[PDB]
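Novice: From first to last, the protein sequence lines stand for chains A, B, C and D. Letter 329 of the first sequence, counting from 1, is numbered 347 in this note's numbering, and no numbers are missing. Letter 31 of the second sequence, counting from 1, is numbered 49 in this note's numbering, and no numbers are missing. Letter 62 of the third sequence, counting from 1, is numbered 80 in this note's numbering, and no numbers are missing. Letter 30 of the fourth sequence, counting from 1, is numbered 48 in this note's numbering, and no numbers are missing. Ideal placement from N, C-alpha and C gives every residue a C-beta, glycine not left out.
Protein chains: 4
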Amino acid sequence: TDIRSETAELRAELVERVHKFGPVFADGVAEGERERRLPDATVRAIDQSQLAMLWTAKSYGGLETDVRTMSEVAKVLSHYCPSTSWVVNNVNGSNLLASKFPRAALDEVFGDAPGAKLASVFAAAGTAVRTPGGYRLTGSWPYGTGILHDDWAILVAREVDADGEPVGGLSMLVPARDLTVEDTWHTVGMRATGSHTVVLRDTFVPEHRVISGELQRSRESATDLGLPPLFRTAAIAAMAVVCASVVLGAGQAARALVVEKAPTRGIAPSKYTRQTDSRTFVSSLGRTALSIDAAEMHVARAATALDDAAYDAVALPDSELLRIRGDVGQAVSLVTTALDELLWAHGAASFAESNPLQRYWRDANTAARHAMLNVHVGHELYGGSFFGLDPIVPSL
Amino acid sequence: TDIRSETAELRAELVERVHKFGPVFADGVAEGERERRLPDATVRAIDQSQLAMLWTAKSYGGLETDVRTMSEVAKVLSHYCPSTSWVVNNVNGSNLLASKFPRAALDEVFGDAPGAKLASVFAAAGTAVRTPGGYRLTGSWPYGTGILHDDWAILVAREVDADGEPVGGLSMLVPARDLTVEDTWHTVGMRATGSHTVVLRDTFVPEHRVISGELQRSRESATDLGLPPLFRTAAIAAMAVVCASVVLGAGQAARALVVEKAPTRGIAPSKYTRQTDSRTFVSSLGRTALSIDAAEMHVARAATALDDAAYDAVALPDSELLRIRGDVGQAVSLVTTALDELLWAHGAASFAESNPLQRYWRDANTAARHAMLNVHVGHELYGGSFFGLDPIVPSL
Amino acid sequence: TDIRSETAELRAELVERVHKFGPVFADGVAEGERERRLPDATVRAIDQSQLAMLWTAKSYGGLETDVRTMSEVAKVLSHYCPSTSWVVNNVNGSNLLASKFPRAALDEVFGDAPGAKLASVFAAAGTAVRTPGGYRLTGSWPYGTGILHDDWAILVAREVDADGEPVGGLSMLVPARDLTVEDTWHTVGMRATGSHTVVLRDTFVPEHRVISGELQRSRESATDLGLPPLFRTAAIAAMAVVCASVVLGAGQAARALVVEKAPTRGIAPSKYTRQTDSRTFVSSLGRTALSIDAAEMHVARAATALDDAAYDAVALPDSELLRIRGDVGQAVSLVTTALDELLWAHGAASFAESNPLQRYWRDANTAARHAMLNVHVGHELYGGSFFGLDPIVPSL
Amino acid sequence: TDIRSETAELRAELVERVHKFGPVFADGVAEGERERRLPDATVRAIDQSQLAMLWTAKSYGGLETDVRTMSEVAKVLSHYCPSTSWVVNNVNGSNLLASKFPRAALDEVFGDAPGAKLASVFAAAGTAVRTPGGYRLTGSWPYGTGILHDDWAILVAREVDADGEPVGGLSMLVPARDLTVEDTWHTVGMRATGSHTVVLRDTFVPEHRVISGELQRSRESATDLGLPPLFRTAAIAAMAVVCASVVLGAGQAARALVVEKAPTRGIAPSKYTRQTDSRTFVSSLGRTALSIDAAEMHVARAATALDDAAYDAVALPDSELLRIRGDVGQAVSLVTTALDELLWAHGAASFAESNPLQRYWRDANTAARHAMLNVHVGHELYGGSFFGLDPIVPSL
Ligand SMILES: Cc1cc2nc3c(=O)[nH]c(=O)nc-3n(C[C@H](O)[C@H](O)[C@H](O)COP(=O)(O)OP(=O)(O)OC[C@H]3O[C@@H](n4cnc5c(N)ncnc54)[C@H](O)[C@@H]3O)c2cc1C
Ligand SMILES: Cc1cc2nc3c(=O)[nH]c(=O)nc-3n(C[C@H](O)[C@H](O)[C@H](O)COP(=O)(O)OP(=O)(O)OC[C@H]3O[C@@H](n4cnc5c(N)ncnc54)[C@H](O)[C@@H]3O)c2cc1C
Ligand SMILES: Cc1cc2nc3c(=O)[nH]c(=O)nc-3n(C[C@H](O)[C@H](O)[C@H](O)COP(=O)(O)OP(=O)(O)OC[C@H]3O[C@@H](n4cnc5c(N)ncnc54)[C@H](O)[C@@H]3O)c2cc1C
Ligand SMILES: Cc1cc2nc3c(=O)[nH]c(=O)nc-3n(C[C@H](O)[C@H](O)[C@H](O)COP(=O)(O)OP(=O)(O)OC[C@H]3O[C@@H](n4cnc5c(N)ncnc54)[C@H](O)[C@@H]3O)c2cc1C
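1. Let me confirm a value: A:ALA26 is counted as buried when at least 16 other C-beta atoms fall within 10 Å, else exposed. Which label applies?
2. Tell me, please, which residues DSSP counts as bridged to C:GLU200.
3. Under 9 Å, CB to CB, which of the residues in the region 334-367 of chain A have a partner in chain B?
4. Relative to the C-alpha of A:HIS394, which candidate in A:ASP326, A:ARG341, A:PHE222 has its C-alpha closest?
5. Under a three-way DSSP split, which group does C:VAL332 fall into?
6. Quick check: is any heavy atom of ligand 2 less than 7 Å from the C-beta of A:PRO287?
7. Of all the options B:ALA252, B:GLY267, B:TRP362, which has the alpha carbon lying nearest to the alpha carbon of B:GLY111?
8. Contact defined as beta carbons within less than 8 Å: I believe C:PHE119 pairs with C:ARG227. What is the distance between those atoms, to the nearest angstrom?
9. At a Cβ threshold of 8 Å, is A:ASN110 touching chain B?
10. Spatial neighbours of B:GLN348 within its chain, please: C-beta separation below 8 Å, excluding the five flanking residues on both sides.
11. Considering only the alpha carbon of each residue, which of B:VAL411, B:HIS167, B:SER302, B:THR202 lies closest to B:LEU357?
12. On a Cα-Cα basis, can you pick out the residue from C:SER263, C:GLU183, C:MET208 that is closest to C:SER351?
13. From which residue to which residue does the beta strand (DSSP E) around C:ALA386 run?
14. Along chain A, in chain order, which residues have C-beta atoms closer than 7 Å to that of D:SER301?
15. With DSSP as the reference, please indicate the residues paired to D:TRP170 in a beta bridge.
16. Between A:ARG297 and chain D, is any beta-carbon pair separated by less than 8 Å?
17. Within 10 angstroms of the Cβ of D:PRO100, are there 16 or more other Cβ atoms? Answer buried if so, exposed if not.
18. With hydrogens ignored, establish whether the beta-carbon of A:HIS394 is closer than 7 Å to any heavy atom of ligand 1.
19. What is the DSSP secondary structure of D:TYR98, counted as helix, strand or coil?
20. Using beta-carbon positions only, say whether A:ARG283 and A:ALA307 come within less than 8 Å of one another.
21. Among D:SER189, D:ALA328, D:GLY365, D:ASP201, which one has its Cα closest to the Cα of D:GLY162?
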C-alpha cells in the first residue's frame with residue numbers, strides 16, 4: 019500500500035491547490051459569462067496550478083495521476099467555476115488521447131512544453147486526402163472546448179481518395195498556428211468554456227501526426243506492462259467519468275449553498291419563516307442529498323474500476339465498459355433532477371443573476387447533455403450488456 | 019346549455035386572438051430578453067387584443083369570462099412569449115382582486131378605461147398610518163410584475179399608529195402617477211416580465227382606495243346572487259390556477275418543439291441518426307407527454323371546480339381549496355420535471371441561444387417557484403385537508 | 019342535456035347498488051382468497067344487482083350504459099372486492115365483444131337470458147378446421163377470468179386447412195356445456211377471479227357463432243347511426259379503460275384506509291406517536307394522493323373520449339386510440355407506485371393477513387400487468403403517434 | 019494490508035458456504051411459507067454453516083467478522099431464501115447486542131454454546147420490578163424474529179416501583195426455558211421468519227442479565243482498544259445495514275431472474291415475441307439495474323464507514339450515523355421501487371405461485387417496512403444533520 023498512500027497524498031495536495039487557486043477562478047466568473055471564454059487570470063492560474071497536467075506523462079514533466087484523482091479535482095473545481103472545471107477536464111482528457119499517437123508526435127507536443135494543452139473534437143468529420151509526406155485536411159468542427167487557449171487540437175476526419183470516395187477514419191493532431199477559430203458558441207450555460215468551431219482549409223498535416231480512427235479508440239494498451247498505468251487506462255471511458263465529475267461537483271456546490279442559506283430564509287407564503295423549521299423541507303433535502311450521494315458513488319465506482327484495471331494491467335471486458343457508460347449517464351441524470359429539487363427548496367430567489375444557484379443549474383444542465391453522458395444511451399448500453407446485444411455506439 | 023355554448027364560443031374566439039397577435043409577441047422576444055421589459059409593440063397588441071380584459075367587468079366594457087377561459091388563453095400565449103403570458107395573467111388576476119374594493123375605487127380605475135391594467139404585490143408590506151381623509155403609505159415592494167406598463171397597483175401594507183405599533187393589515191390601490199419604479203429585476207428567466215420594485219414614500223392614499231387585508235382575501239361574495247359569476251370566484255385560487263397555466267403552456271410548447279425536430283436530428287453518439295428511430299426515445303417521449311397531460315388535467319380540474327362554484331353561487335369548502343393548491347403545485351412540478359426530460363430528448367443543442375427550448379425551460383422554471391405555486395406547500399396543504407389540520411398558509 | 023341528465027341519474031343509481039351489495043362481496047373475500055373462485059353469495063349478488071348487465075343491450079333487457087358509467091362502477095366495486103370488480107368488468111367487456119357476432123348468435127346468448135355472462139380469452143389460439151355447417155375447434159386457453167360462473171366464452175383461434183396450414187384468424191363463441199375447465203390459476207393476487215384454463219377438444223362450433231378475427235376487432239360500427247351508441251364504442255379500448263378502473267379503485271380504497279388509520283398509529287421508532295403529527299408524513303400523503311388523482315383523470319379522460327365519439331357517431335382516429343392506450347398504462351403505473359408509497363406510510367402492519375391494505379396491494383399489482391394495460395407498450399404507442407410510426411400492437 | 023487480505027479471504031469462504039448450503043434453504047421455501055417457521059433442515063444448515071456465528075466472539079469459538087462481511091453474506095442468502103437471510107441477520111445482530119451485557123451473562127450464553135442464537139425485540143416494553151437478586155418481568159413482545167429456534171431473547175422493558183410508577187428503561191436477557199411463544203405471525207411476506215409474540219408472566223431475571231436501556235444503546239465501546247474491533251462497532255446501525263442487505267439481495271435475485279427469463283418470453287400483446295428485442299424493455303432494465311446498483315453502494319458505503327471506525331477505534335460522530343440511517347432507508351426504498359419495475363418487465367406471470375419473482379417481491383416489501391429502515395424517517399434524519407436539528411429518533 020506504499021503506492022496507494024502516495025497516490026492519496028498527491029490527490030490531497032491537488033485538491034488543496036484547487037482551493038488555493040479557486041478564488042481566482044471564482045473572480046473571473048462574471049467576465050467569463052460575459053465574454054464566453056476564460057479570463058486571462060484563470061488561464062494563468064490553470065498553468066501555474068498544473069491542473070492541466072494531471073494526465074500528462076512524467077517523462078515530459080507531467081503529474082501522471084489516475085482517473086480517481088482527476089475526478090476528485092474536477093468536482094472541487096466546479097464549486098468555483100464549472101466552466102473552468104469543464105475546460106480543465108477536457109484538456110487532461112485530450113492530453114490522454116494524445117498518447118495513442120506516435121512518440122514523434124508526443125515529443126513535438128510535450129517535449130519542450132510540460133504544460134501543453136490539447137483540444138479534441140469528435141463531433142465532426144473533416145475530409146482528408148493523401149499528399150506526399152502526409153495529408154491535406156479540410157473541415158469544420160463545432161464544440162471545440164477551450165480551443166482559444168489550446169496549443170494543439172485532435173480532430174476526427176474521414177480519409178478520401180482522389181475520386182472522393184471514403185477510405186477510412188482518421189485522427190489528426192494539428193497545432194494552433196494551423197487553426198482558425200470561428201465564433202459560434204452562444205449558449206445559456208457553460209459559456210466560458212468557449213466551445214467554438216475549428217475551421218481548416220486544405221491544411222497540411224504530416225504523417226506522424228495522423229493515426230487511424232481504429233488506433234485512436236484502441237484499448238490494446240490495457241495489458242502493456244511497458245507503459246505506465248495511466249496509459250493503460252480506457253481513455254474514452256475515463257474522459258466520460260471526469261465530464262460527469264464536473265457536473266456532479268456543480269450539483270454538490272448547489273446542495274452546499276441551499277444548506278448554507280436555509281436557516282436565514284423562509285418558504286413563502288407559509289408560516290415557515292425559516293426553511294429549517296419545515297420538516298417537509300428538511301426531509302426533502304435529505305432525499306435530494308442522497309440522490310446526489312448516489313451520483314457520487316456511481317462516478318467513484320467507475321473511476322475505481324478504470325484505475326484498478328490499469329494498475330493490474332488487465333483489459334476491462336465490454337460488459338464493464340458498458341456499465342461505466344450507464345453509471346455516468348445515470349449520475350448526471352440524478353444531478354439534474356436533484357438541481358430541480360434544490361430550486362424548489364431555495365425558491366424564486368434562486369433565479370436571480372446574483373445567485374450562484376442558477377449558475378450551477380445552467381452549467382450542469384448544459385454539460386450533462388454531452389453525448390458521452392447521454393442517460394438514455396447509457397441505459398440501453400447497460401441493459402444490453404445483460405444479454406450480449408450489439409452495442410448501439412461504435413466504440414467503448 | 020345555452021350559456022355553456024356561449025362561454026365556449028367566446029373562449030374559442032379569444033384563443034384565435036392569441037394566434038392572431040402571437041407573431042407580434044414572438045417578434046419581441048429578443049428585445050424583451052435584452053431589456054427586461056415588454057416591447058412597445060407587445061404592449062400595444064395586449065391592449066388591442068383585449069387579453070388584459072378577460073377578468074374586467076362587463077359593466078365597464080370588459081369581457082368578464084371565467085377561470086377556464088383565462089387558463090386556456092394563458093397556455094396558448096406561452097407558446098409565443100411566456101413573459102407576455104405571465105404579465106397578461108398577472109393583469110387579469112390583479113383586476114379581479116380589485117373587485118374587493120368599493121365601487122368608488124372601481125369607477126375611478128375602470129370608469130373611463132375598459133382596458134385598465136393593474137399590478138398587485140403581496141410580497142412585501144409597507145407601512146401605513148392614518149391621516150385625515152385616508153392614509154400615508156411608505157414601503158418597498160419587490161416582484162412587481164408588469165408594473166412598467168400598469169395604470170394602478172394593489173399593494174399590501176401594515177397599518178400602524180402614531181406610536182408605530184401594529185394595528186392591522188391593509189390592501190391599497192395606488193395609481194401610476196404616485197409610484198416610483200426601481201430597477202431590480204435581474205433574472206435568468208421571465209426577464210421581460212419586468213417584475214421590478216415599487217417604491218413609495220409618504221404617499222397619500224384616500225380611504226375609498228383602502229380595504230382591510232381581511233376583506234381583500236374574503237370569499238364572502240361566493241354566495242352573492244347580486245354579483246355576476248366571475249366576481250363570486252375564489253380570486254386568489256383562480257390567480258394561482260392561471261399562473262400554473264402560463265407554466266403549463268410553456269411546457270406544452272417545449273413538447274411540440276421536441277416532436278417537431280425529432281425526425282431530423284440524431285442521438286449522439288449512437289447509431290440512431292434519427293431520434294424517431296430509437297424506441298427508447300419514442301417511449302420516453304410518450305411518458306413525458308403523459309406527465310404534461312396530467313399537469314394539464316390538474317389545472318383544468320381546478321379551473322372547473324372554481325367555475326362550477328361561481329356559477330352555482332356556492333362557497334367552496336376549505337378542503338376543495340386546499341386540493342386546488344395541491345393541484346397547481348403538482349402541475350408545475352410535473353412540468354419542470356418534464357422539461358428536464360425534454361432536454362435529455364433533444365440534446366445539447368437545446369441550450370443554444372437560438373433554440374426556443376431553453377427559453378421555455380428558463381421561463382417555466384423561474385415562474386414555477388412563485389410562492390402560490392410551491393409544490394411542497396401544496397403537498398402539505400392537501401395532505402392536511404384529509405385530517406383537518408390547521409393550514410400552513412394564512413389564506414386560501 | 020336531457021340524456022346527459024338521464025345517464026348521470028342511472029350511474030348514481032348503479033353506484034348506490036354497489037354500496038348496497040358491497041357488504042356481500044366483502045363478506046366473501048376470505049372464502050374467495052382460499053378457494054380461488056367467487057363464492058356463491060357473490061355470484062348471486064352480481065346477478066341480482068344487474069352489474070353484469072351494464073354493457074348488455076336494452077333490446078335483451080340489459081341496462082346498456084356507457085364507458086364512464088362502467089368505469090365508475092368498477093372503481094367503487096374494488097373497495098369491497100377487487101376480484102369481484104375484475105370479474106364484473108370482464109363480463110361486461112365480453113358481452114360488449116359479443117356484439118360483433120351475428121344476430122343469430124346474440125339471440126342464442128341473450129334471447130332468454132338478460133343476465134347472460136361471457137368470458138373472453140385472446141391469450142391463446144386454438145386451432146379450428148372447417149367441417150360441414152361450421153368448424154371443429156381444439157385448444158387450451160389460459161387466463162379465463164370468471165369462466166367457472168360464465169354461460170359462454172369468446173375464444174380466439176387460428177383456422178387451418180386439411181393440410182394444417184394457416185388460413186386466417188377466428189373468434190368463436192362457445193357455450194359452457196361444450197367447455198371443460200382445468201384448474202390452473204394459482205396466484206398471489208386476484209385469486210377469486212378464477213382465471214383458469216379453458217380446454218376444448220374437437221368441439222363443434224356452428225358457423226353463426228364464428229366470425230373473422232378481423233371482424234372481432236373491427237371499429238366500423240363507430241359511424242353506424244342504426245346502432246345504439248354503446249355498440250358504436252371502440253370495444254377493446256373500452257375494456258382496457260374499465261380494467262384500469264378496477265386497479266384504480268383498489269388504489270383509492272388503499273388511500274382511504276391509510277387516511278382512516280393515520281390518526282391512531284405512529285411511525286416507529288420516531289417521536290411521532292401519531293402519523294398525522296408528522297409533516298413529512300402528511301405532505302408525502304398529499305403527493306401520493308395527487309398521483310392517484312392523476313390516474314383517475316387519465317381514466318376519466320379516456321372514458322369520455324370513447325363515449326363522446328360513440329354518442330356523436332364519429333370514428334376515433336388512430337392517434338386518439340393510441341393516446342388511450344397510453345393513458346391506461348400510465349394510470350395503473352401511477353397506482354402501483356402509489357401503493358408502494360402507501361405501504362411506506364402505513365408501516366409493517368400493512369402486510370398482516372388481517373389488514374385490507376396488502377389485499378389491495380396484491381390485487382392491483384397483479385391486475386395491472388394485464389397485457390392491455392402494459393405501461394411500457396402504452397408509452398411506446400403514444401410516443402409513436404406523434405410521428406405516425408407503425409404501431410407495435412396488431413389492433414387498437 | 020495483511021489483515022485486509024485475511025478479512026477478504028474469510029468473506030469469500032463464507033460466501034462460498036452460502037452457495038454450498040443454499041440448495042437446502044431453497045428446498046425448504048415451500049414448507050416455510052406453509053408453516054410460517056423455518057424447516058428443521060434449514061435450521062440444521064444454519065448451525066452447520068456457522069452463519070449465525072459471524073458476530074459471535076472468537077473467544078467463544080465465533081467467527082468474529084465485520085459489518086461488510088455480514089452484509090455480503092446476507093445479500094447472497096436472500097437469493098435462496100429471504101426469510102432464512104432475515105433470520106440469520108437478526109441472530110447475528112442480536113448476538114452483537116448481547117455484548118453490552120456483563121461477562122457473566124455472555125459466559126452463561128456463549129460459554130458452552132459457540133453457535134448460540136439470540137432473538138431481540140425492542141418493539142414492546144414489558145414491565146419489570148425489583149425483587150431480591152434481580153427483577154420480576156411481565157410483558158408481551160410482538161415481532162420476535164426467529165424466536166422458535168432461538169436459545170435466548172433480549173427484551174426491552176420499563177422498570178417500575180411498588181407503586182407502579184416508571185423508574186427507567188431496561189434490557190433483559192432471558193432464556194428459552196423461561197419464555198412462551200404465542201402464534202401471532204400471519205403475514206403475506208417473510209412468513210418463515212416466524213416473528214411471533216414472546217410472552218412472559220412474572221418471570222424472574224437475575225441482575226447480571228439486566229442492563230439499563232442506556233447501556234444497551236451505548237456507543238462508548240467505540241474507542242476501547244481493549245475490545246476486538248467488532249465490539250467497537252455501532253451495533254444498532256450495523257444491524258440496520260444488514261437488514262437492508264437482506265432486502266437488497268432479494269432485489270438482486272429478482273433482477274437476475276428477469277434477465278434469465280427475458281430471452282424466452284415476449285411482451286403481450288406487442289409484436290415483441292422476445293423481451294430482448296424491445297429496446298424500451300432493454301433500456302428500462304438498464305435503468306432499474308442502476309437503481310439497484312445505487313442501493314448496493316449505499317449499503318456498502320455504510321458498512322465501510324462502520325468498519326473503518328471500528329478498526330481505527332474512533333467514535334462515529336452523530337452526523338455520520340444520521341447519514342447511515344438515510345442510506346439504509348434509501349437503499350430499501352430504491353429496491354422496492356425497482357421490484358415494481360421488474361414486475362412490469364416480467365409481466366403477469368410474475369404473480370404465479372410457481373414464480374420466484376413474487377416471493378422476492380413479497381419478502382423484500384415486507385422486510386423493508388421494518389422501523390429501522392423507514393425511508394421517510396431516514397430522509398428527515400439525514401436532512402436534519404445538515405443543520406444540527408434534534409434527531410427524531412431516541413437513539414442512533
Ligand atoms: C458544453 C459542451 C462541450 C462539449 N465539448 C465537446 C468537445 O470538446 N469535443 C467534442 O468532441 N464534443 C463536445 N461536445 C459534444 C458532444 O460530442 C456532442 O457533439 C453534442 O452532445 C451534440 O450532440 P448531438 O446529438 O447534437 O450531436 P451531433 O450533432 O449528432 O454530432 C454529429 C456527429 O458527431 C458524432 N459525435 C458527436 N459527439 C461525439 C463524441 N463525443 N464522440 C464521438 N462521436 C461523436 C455523432 O455520432 C454524430 O454523428 C460538447 C458538448 C457540450 C454540451
Ligand atoms: C417571475 C415571478 C414573478 C412574481 N411576481 C409577483 C407579483 O407580481 N406579485 C407578487 O406579489 N409576487 C410575485 N412573485 C413572488 C411570490 O409571491 C414570492 O414573493 C416569491 O416566490 C419569493 O418568495 P420567498 O420565499 O423568497 O419569500 P419573500 O419574497 O422573502 O417573501 C416575503 C414575505 O412575503 C410574503 N409573501 C410573498 N409572496 C406572497 C404571496 N404571493 N402572497 C402572500 N404573501 C406573500 C411571504 O409570506 C413573506 O412574508 C413573483 C415571483 C416570480 C418568480
Ligand atoms: C388477473 C389477470 C386476468 C386476466 N384475464 C384475462 C382474460 O380474461 N382474458 C384474456 O384474454 N387475458 C387475460 N389476461 C392476460 C393477458 O391477455 C395476457 O395474457 C397476460 O398479461 C400475459 O401476458 P404474457 O406476455 O405473459 O402473455 P403471453 O403468454 O405472451 O400471451 C400469449 C399470446 O397471446 C397474445 N395475447 C395475450 N393476451 C392478449 C390480449 N389481451 N389481447 C390480445 N392478444 C393477447 C400475446 O400477444 C401472445 O402472443 C389476464 C391477466 C391477468 C394478470
Ligand atoms: C419482518 C419483520 C421483522 C421484524 N422483526 C423485528 C425484531 O426482530 N425485533 C424487533 O424489535 N422488531 C422487529 N420488527 C418491527 C419493527 O421494530 C417495528 O416494530 C415495526 O416496524 C412496526 O412499527 P410500527 O410503527 O407499526 O410501531 P409499533 O411496533 O406499533 O411500535 C411500538 C413501539 O415500539 C417502538 N419500536 C418499535 N420497533 C422498534 C425498534 N426496532 N427499535 C426501537 N424501538 C422500536 C416504537 O417506538 C413504538 O413505541 C420487525 C418488522 C418486520 C416487518
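Specialist: So, from the data block:
1. exposed
2. C:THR215
3. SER351, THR354, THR355, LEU357, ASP358, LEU361, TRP362, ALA363, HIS364, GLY365, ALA366, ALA367
4. A:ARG341
5. coil
6. yes
7. B:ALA252
8. 7 Å
9. no
10. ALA313, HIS316, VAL393, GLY396, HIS397
11. B:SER302
12. C:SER263
13. Per DSSP, C:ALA386 belongs to no beta strand (DSSP E); it is in the alpha helix (DSSP H), 374-386.
14. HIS394, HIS397, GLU398, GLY401
15. D:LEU136, D:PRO193
16. yes
17. buried
18. no
19. helix
20. no
21. D:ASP201
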